[PDB]
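Can you keep this structure in mind? I'll have questions shortly.
Letters are used for the chains, namely A, B, C, D, E, F, G, H, I, J, K, L and M, taken in the order the chains are written, and counting of residues starts over at 1 for each.
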Amino acid sequence: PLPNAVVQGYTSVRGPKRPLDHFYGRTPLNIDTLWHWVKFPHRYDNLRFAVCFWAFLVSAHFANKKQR
Amino acid sequence: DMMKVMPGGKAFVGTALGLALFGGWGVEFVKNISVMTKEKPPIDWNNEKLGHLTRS
Amino acid sequence: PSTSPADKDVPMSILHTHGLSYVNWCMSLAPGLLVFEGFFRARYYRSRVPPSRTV
Amino acid sequence: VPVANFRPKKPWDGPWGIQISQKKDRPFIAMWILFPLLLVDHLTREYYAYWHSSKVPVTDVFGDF
Amino acid sequence: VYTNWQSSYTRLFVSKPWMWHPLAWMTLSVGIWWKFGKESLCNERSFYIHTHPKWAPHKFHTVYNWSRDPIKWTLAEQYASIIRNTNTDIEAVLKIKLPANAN
Amino acid sequence: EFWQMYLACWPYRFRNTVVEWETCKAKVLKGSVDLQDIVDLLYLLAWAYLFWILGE
Amino acid sequence: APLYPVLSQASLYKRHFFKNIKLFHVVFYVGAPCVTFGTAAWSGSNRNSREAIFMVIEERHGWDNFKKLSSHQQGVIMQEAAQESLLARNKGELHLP
Amino acid sequence: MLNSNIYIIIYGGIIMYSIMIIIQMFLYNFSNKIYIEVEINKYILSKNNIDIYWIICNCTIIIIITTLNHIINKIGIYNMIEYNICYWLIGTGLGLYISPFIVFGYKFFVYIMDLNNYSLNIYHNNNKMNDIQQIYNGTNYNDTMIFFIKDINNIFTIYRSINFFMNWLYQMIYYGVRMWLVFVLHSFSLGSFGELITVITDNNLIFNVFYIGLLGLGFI
Amino acid sequence: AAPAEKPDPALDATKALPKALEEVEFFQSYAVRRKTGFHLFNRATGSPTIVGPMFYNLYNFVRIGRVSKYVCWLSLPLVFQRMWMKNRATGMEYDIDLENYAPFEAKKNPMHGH
Amino acid sequence: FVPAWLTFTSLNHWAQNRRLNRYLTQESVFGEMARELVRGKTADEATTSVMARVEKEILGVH
Amino acid sequence: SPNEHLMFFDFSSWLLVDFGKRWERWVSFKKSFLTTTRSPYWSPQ
Amino acid sequence: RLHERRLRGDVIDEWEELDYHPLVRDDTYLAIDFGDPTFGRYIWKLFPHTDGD
Amino acid sequence: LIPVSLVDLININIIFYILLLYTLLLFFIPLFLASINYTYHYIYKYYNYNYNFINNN
């Protein structure tokens, strides 16, 4: 279906690929290495519960007053 | 006809010259083959009355 | 001149959406991305083996 | 005496290699800014005509109108 | 070391027909629209074909609403703006009596 | 097990509401607000906007 | 004694984040939000149900009168229109031409 | 006013959708380069190979990119662009059509303008009268009193020079129309079968269930 | 004319099918599963299904994703939205006058054009 | 090319000059428009000035 | 609908161009360019 | 001198490293200007002991 | 069908698409050409002129 050149990636000679840099002494920085810096929110979860309650309540209050 | 086959772009010159001179009339002729048989109205010849206007 | 009529400004709400079928959702090709993202990630990050010690 | 086939750089020698690298990775940087902009351009869009629309958005390009 | 790659885009373009190809493509497409698509579709005299269900199916996401006629009122607003910018008399056209090419 | 831990976790949540609020106030006044704090606050504001719509 | 504008280690560390992308890292990561919130699933469903809704409304009630009503009754009539269109009682319950 | 000739163009989402087609070319990085290398070296040997090669590569990769954007990145134009005939004729076919005329246009033009001087081609033309006929009369054939119809002859001869460049245009149009029909008809047929299945299952909610599977049908 | 070129192995086709089978084998390697927690409803005959024993592979790959496994499900509630609205519409009571005056997508309506 | 270029350009220039001179002495609508333009007037003003005469004398305005 | 998927309704507006006015202004620019430069008739301009 | 930096753990750009091979940097830049990214048969003709390798 | 239309045959919108696409292509050609081959490295390393000297005796 396809010639061997397309599969192996070269017609005659296999060219050397420059390897990937590492940046010794620190973590890799890639699109997939970002969870090292940004975990899921874990610090303000209970504050999230409180603020969700208060937001619901205040919205309901002002909406009911407006409607009435 | 003997300049057409000469070198130095004379083939292009001959072709373009034949086009510009007679090939346009040939295009018109080909367009007119399907016009000769068709019912066409009388030609509304210009009365040559409209356009005259005194200067001022 | 340039215009910006109010006919284009209309109400919007996700509640009024008809939606999709199970078949149309399968045709949306999300289930394909779901698998092949992991497939290609696995192929790329598993091609490059690190050094080791055989136990 | 100096070594032959060597000289100082000149303006017509072009930029250095690190500068060419900085030129190369500009599309890769603008990718991160443009793909979200593409998604925002699609998501924050509104159709321009409806069955009820008496008008359609017009854009006079040269202000002739 | 001098290269048109890094020092002259013009000489690079001149030295590579595969750089001329997209430009010729663009010019040809625009010429095609100018010759064929311009007057038949985009002109005001030829813009109602977009209301056709056979040649322009669902150009407005639906069948064209003729009771509403968005084209008519859009273009009428624009012509009115032209008239106000030009200060032309609406009723001056009705005072005309064209002759006939008699005989 | 989940029911028992859900019950037992309510005192922790009600106790740490005030703690998290005070730490957020201190970080906002002091300005010592970092990336993870910003992400948590954005998640917070998203859920708060949802619950605002819900309360409406 | 490098004569060129030597680039710091951290600047290269940051540029590597941008130039070390692979094709799948773009394709799937941008296709998931796109396929979900695109012309297929969400944005398409919304924006194409709106057309049928307002066609039904302007045919049955009118756009001006609809504009005069409340947001609640607006939504009620919109939902009724969405149901009428999804049903497609005249097309034999088939969304085809 | 009289002098005001007004034209209406319909403008939509073009800029941001065309930018990313080009930005993706850095990611693909011409993965099709080896295939077109192989094929071009199969089909021609000249100094101007690389030129035509580059052209095809660009054209081809754009097609590939659009196809994947048509399959995966479904927004706005990327869905219609493969279902539109203008893209398949002018957006894919015209470039491939004009590529050899842009690379080998000198030779083809010289050939075409020489073929207007229509003549019979002789192999091992060691004849002497052939030369006199070609120079004096212009052609091997008898051109006596053909000037009498020169008006048509010119234009006809022009076609006689390009008739062997015309099947390329025909094949380009044919395969553009083929791709358009394939995409459109297969999408329509698949969607139609899906809608019929949904009609069968919506009226029978015992079957309105993920009966093949959430990922199985989608993966297939 | 008579160049006498030797055969180029790169122009042969002896690697494409092996490479595709290598990719498919890498895919199927992730279908290996432990005996614990295994259950698959077979057909009524007792024979296995087609899609059944090839769900573990797909979901083992979903496990490895990063963004699609948390996003591509958000279009699924829309399916249930349709399931509910369709049943709402199957028996919706409507005014006869509006249906006769403004039928939706009915043929021969001159206000549409035909 | 230089003599040919000068010949072509100058012959066409003098042809256009002759054309304008012939139009100016022509007792017609186009002659009037050409005259009004040679005075130093604007295109729009001259069109209006000539059409005001066309509507009256030629078309016979209501 | 399937046909609904074969539709491009991502339009934004209608660009209105008075080609007569644009041609008039182009000709005016040409005249202004030729007068300001004081260019002769034998010039390529 | 560049390898001294590489041994210290410093990352060198692909083009920064080429500048430390100036004679190859020039021929590589000209090959880019010409626009022929192919390679392999030139090595097999100049060094026929590599033919087929 | 919708795509079966003469309006979509010479659609100026797709022509704008093609125009912007290939103008951007032209703008970015000098970055597509910026891939390095390692052939002149090979030539520098492996090209070895004959270093033997002449000795008549």
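The rule we apply is simple: contacts are C-beta pairs under 8 Å (C-beta built on N, C-alpha and C of every residue); 3 or more make two chains touch, one makes a residue touch a chain.
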{"item": "Chains in simultaneous contact with subunit A and subunit H", "value": "G, I, L, M"}
{"item": "Fewest touching-chain hops separating subunit F from subunit H", "value": "2"}
{"item": "Per Cα centroids, the chain farthest from subunit E", "value": "F"}
{"item": "Whole-Å separation of chain centres (CA-atom averages), subunit B against subunit M", "value": "48"}
{"item": "Rounded Å distance between subunit C and subunit I, as computed from the means of their C-alpha atoms", "value": "13"}
{"item": "Where subunit A and subunit C are represented by their mean Cα positions, the distance between them in whole Å", "value": "14"}
{"item": "Rounded Å distance between subunit A and subunit K, as computed from the means of their C-alpha atoms", "value": "46"}
{"item": "Per-residue overlap in subunit A, given as positions that touch at least 2 other chains", "value": "2-3, 5-6, 10-12, 15, 18, 21, 23, 32"}
{"item": "Where subunit H touches two or more other chains at once, by residue number", "value": "3-13, 17, 19, 26, 37-38, 50, 54, 58, 72, 74-77, 79-80, 83-84, 90, 184, 188, 190-192, 195, 202, 208, 214-215, 217, 219"}
{"item": "Multi-chain contact sites of subunit F, meaning residues that touch two or more partners", "value": "none"}
{"item": "Touching residues (chain side subunit M, partner subunit H) in the complex", "value": "1, 3-4, 8-18, 20-21, 24-25, 28, 31-32, 35"}
{"item": "Of all residues in subunit D, those that touch subunit E in their complex", "value": "12-15, 20, 47, 49-56, 58, 60, 65"}
{"item": "Touch list for subunit H against partner subunit D, complex", "value": "4, 11, 13, 16-17, 19-20, 23, 26, 75-76"}
{"item": "Parts of subunit B lying in touch with subunit H, wherever the complex brings them together", "value": "1-2, 4-5, 11-12, 14-15, 18-19, 22-23, 25-27, 29-30"}
{"item": "Contact set on subunit J toward subunit K in their complex", "value": "5-6, 9-10, 13, 43"}
